[PDB]
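Chains, contacts and geometry: an overview
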Amino acid sequence: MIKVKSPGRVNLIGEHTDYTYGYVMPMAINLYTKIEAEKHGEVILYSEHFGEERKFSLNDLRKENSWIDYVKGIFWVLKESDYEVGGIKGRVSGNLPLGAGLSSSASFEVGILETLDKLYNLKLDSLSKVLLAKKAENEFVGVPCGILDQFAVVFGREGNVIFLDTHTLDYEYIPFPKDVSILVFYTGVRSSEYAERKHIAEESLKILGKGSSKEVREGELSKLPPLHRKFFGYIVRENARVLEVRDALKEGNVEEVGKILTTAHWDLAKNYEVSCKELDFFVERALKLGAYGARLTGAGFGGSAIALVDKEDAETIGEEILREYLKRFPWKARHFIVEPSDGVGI
Ligand SMILES: OC[C@H]1O[C@H](O)[C@H](O)[C@@H](O)[C@H]1O
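You'll find the protein entered in the PDB entry as Probable galactokinase, with Pyrococcus horikoshii given as the organism. The title given to this PDB entry is "Crystal Structure of galaktokinase from Pyrococcus horikoshii with AMP-PN and galactose". If you open the UniProt record of the protein and go to Function, you find "Catalyzes the transfer of the gamma-phosphate of ATP to D-galactose to form alpha-D-galactose-1-phosphate (Gal-1-P)." In its Pathway section, the UniProt record describing the protein reads: "Carbohydrate metabolism; galactose metabolism."

This is the structure we're talking about:
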């Protein structure tokens, strides 16, 4: 029997940049999918979250349109890459909230991959784990996505964020300040919009004749159609913000990091049009209550937001905002205090 702990993730800055091969800056967080498993002739997994067992023969990688598909996708991608692995029997648990925008999918997929890696002695390198998990999500599960989530879940390092160039896959660890906490606020609001943004951005790159948004300047966007232009303007500003945050963090200037996050949030909300009143509420109140800055994290249109706050005030701020929020909105909102953590491991 082995135990794997696979973290979720938050993106600090660099939102809606990965699918144009821009810059991103995620961290793994200390909320986890836990998998405890042993070898078996078929695949049998009990999900604590769903309170149910689902199983399949190794012969059977047919999509079933349930959570088991995330498991099948890893078996599929391993088979497609010429690995021989056998079955597993085990239990999936942990404290990472499902569908909150903290990357339940990548956490789970990478966790299954790591379980198989260890049980079957596959000796996968870290980048292969990221690429296999991404390929499973994209091609088997059928969810478009960039590399952000998988990279964070694998490459996370305690006390550090990851600055990543998603075009080259060059990355560096940047220390995150002591006694600054990440307050995560899940709105209680659990894809077509994402696919549209991705499609428009990819088309814009072709119009511009460029392979990455890193290569694009404000000036060039006049060449794009009005809607392409609006959205791509955000992407260019966002890449610049990632580099600004990198410099500010390397100086320990959390006040500047916070300011940049806030600017980024309103850019997402007003120009990329991917926020909602629930996320905006959290951001505005967190700022009034003393956060250095705040921003939605992940795709938007629900999910979670983050606020950078003094460690000693994180609990009070989360509690005050949650009470206000629940008077205004019907959803089962939750807050968590997280820190930058190590990537997937036993
Ligand atoms: O930054 C937006 C973010 O949206 C989702 O979380 C995707 O899975 C990521 O790859 C990234 O595109």
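A few words on the UniProt feature "binding site: substrate" in the protein. According to UniProt, the positions carrying the feature "binding site: substrate" are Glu15, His16, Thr17, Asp18 and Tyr194. Inspection of the secondary structure assignment puts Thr17 in the loop between β1 (2-13) and β2 (23-40). Residue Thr17 is classed as buried on the basis of its relative accessible area of 0%. Residue contacts for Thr17: discarding those within four places in its chain leaves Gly22, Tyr23, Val24, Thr166, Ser213, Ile235, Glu238 and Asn239.

Turning next to the nonpolar core. Grouped together as the largest cluster of nonpolar side chains are 39 residues, with contacts concentrated most on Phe232, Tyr272, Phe282 and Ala307. Looking at this core, the elements with two or more residues in it are β8 (180-186), α5 (192-208), α6 (226-250), α7 (254-272), α8 (277-288), β9 (293-296), β10 (304-310) and α9 (314-328). Beyond its immediate chain neighbours, meaning those up to four positions away, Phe282 contacts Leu183, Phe185, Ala294, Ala305, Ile306, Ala307 and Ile321. Counting 32 residues, the second largest nonpolar core, distinct from the first, contains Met27, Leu31, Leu249 and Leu261.

Below, the discussion takes up the domain arrangement of the protein. Annotation of the protein at the domain level lists domain 1 (1-175) and domain 2 (176-346). A straight line from the C-alpha centre of domain 1 to that of domain 2 covers 23 Å. Taken together, the contact between domain 1 and domain 2 spans 57 residues of the former and 55 residues of the latter. Between domain 1 and domain 2 lies a buried interface of about 4400 Å² when both sides are counted; carbon and sulfur atoms form 63% of it. Our enumeration of links across domain 1 and domain 2 arrives at 3 salt bridges. Salt-bridge contacts for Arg246 lead to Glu172; the nearest nitrogen and oxygen are separated by 2.6 Å. For the pair domain 1 and domain 2, the number of links is 27 residue pairs in polar contact. Contributions of two or more residues to the side of domain 1 that touches domain 2 are made by β1, β2, α2 (104-119), α4 (148-155), β6 (160-165) and β7 (171-175). Looking at which element gives the most residues to the side of domain 1 that touches domain 2, the answer is β1, with 11 residues.

With that out of the way, let us pick up α4. Of all 8 residues making up α4, 8 are buried, and the element is well covered by its neighbours. Within α4, burial applies to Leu148, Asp149, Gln150, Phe151, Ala152, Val153, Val154 and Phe155. Tucked into the core, α4 has its buried residues touching β1, β2, α2, α3 (126-141), β6 and β7.

Neighbouring the ligand are the residues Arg9, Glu15, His16, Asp18, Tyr19, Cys145, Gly146, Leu148, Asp149, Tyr194, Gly298 and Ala299. Between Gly146 and the ligand, the recorded distance is 3.0 Å, taken from a backbone N or O atom to an oxygen atom. When the residues that make up the shell around the ligand are grouped by side-chain class, the tally is 5 nonpolar, 3 polar and 4 charged. If you count residues domain by domain, the shell around the ligand takes at least three from each of domain 1 (1-175) and domain 2 (176-346).

Attention now moves to the pattern of salt bridges. Under the counting rule described, the total for this entry stands at 23 salt bridges. Of the charged contacts in the structure, one is a salt bridge between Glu36 and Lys3, with a shortest N-O distance of 3.2 Å. Taken together, the positions of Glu36 in strand β2 and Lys3 in strand β1 put the pair 33 residues apart, joining distant regions of the chain. The partner of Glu324 in a salt bridge is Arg285, with the nearest N and O atoms 2.8 Å apart. Of this pair, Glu324 sits in helix α9 while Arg285 sits in helix α8, placing them 39 residues apart in sequence. Judged by its relative accessible area of 23%, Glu324 falls in the partly exposed class. Each of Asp60, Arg62, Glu64 and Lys72 takes part in one network of salt bridges that share partners.

Let us now look at a negative patch on the surface. A surface patch of like charges, here negative, comprises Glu80, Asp82, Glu84 and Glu139. For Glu139, a relative accessible area of 52% puts it in the exposed group.

Cut-offs used in this document
Residues numbered from 1 in each chain as written, not as in the entry; some residues may be left out. Heavy atoms only, no water. UniProt positions renumbered as here; feature names shortened; annotations may be inferred. Helix = DSSP H or I, 4+ residues; strand = E, 2+ residues; numbered from the N terminus. Buried < 20%, exposed > 50% of the residue type's maximum accessible area, 1.4 Å probe, protein only. Contact = heavy atoms within 4.5 Å. Core = buried A, V, L, I, M, F, W, Y, C linked by side-chain atoms within 4.5 Å. Domains from an automatic or database assignment. Buried area = accessible area lost by both parts, 1.4 Å probe. Salt bridge = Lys/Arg side-chain N within 4 Å of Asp/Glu carboxyl O. Polar contact = N/O pair within 3.5 Å; in protein donor to acceptor, adjacent residues only side chain to side chain. Near = heavy atom within 4 Å. Nonpolar A, V, L, I, M, F, W, Y, C, P; charged D, E, K, R; others polar. Patch = residues over 30% accessible without salt bridge, like charges linked within 9 Å, V, L, I, M, F, W, Y side chains within 5 Å. Areas by Shrake-Rupley, 256 points an atom, 1.4 Å probe, with all protein chains shown as cover. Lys, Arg positive; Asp, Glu negative; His and termini not counted. Charge placed at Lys NZ, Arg CZ, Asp CG, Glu CD.

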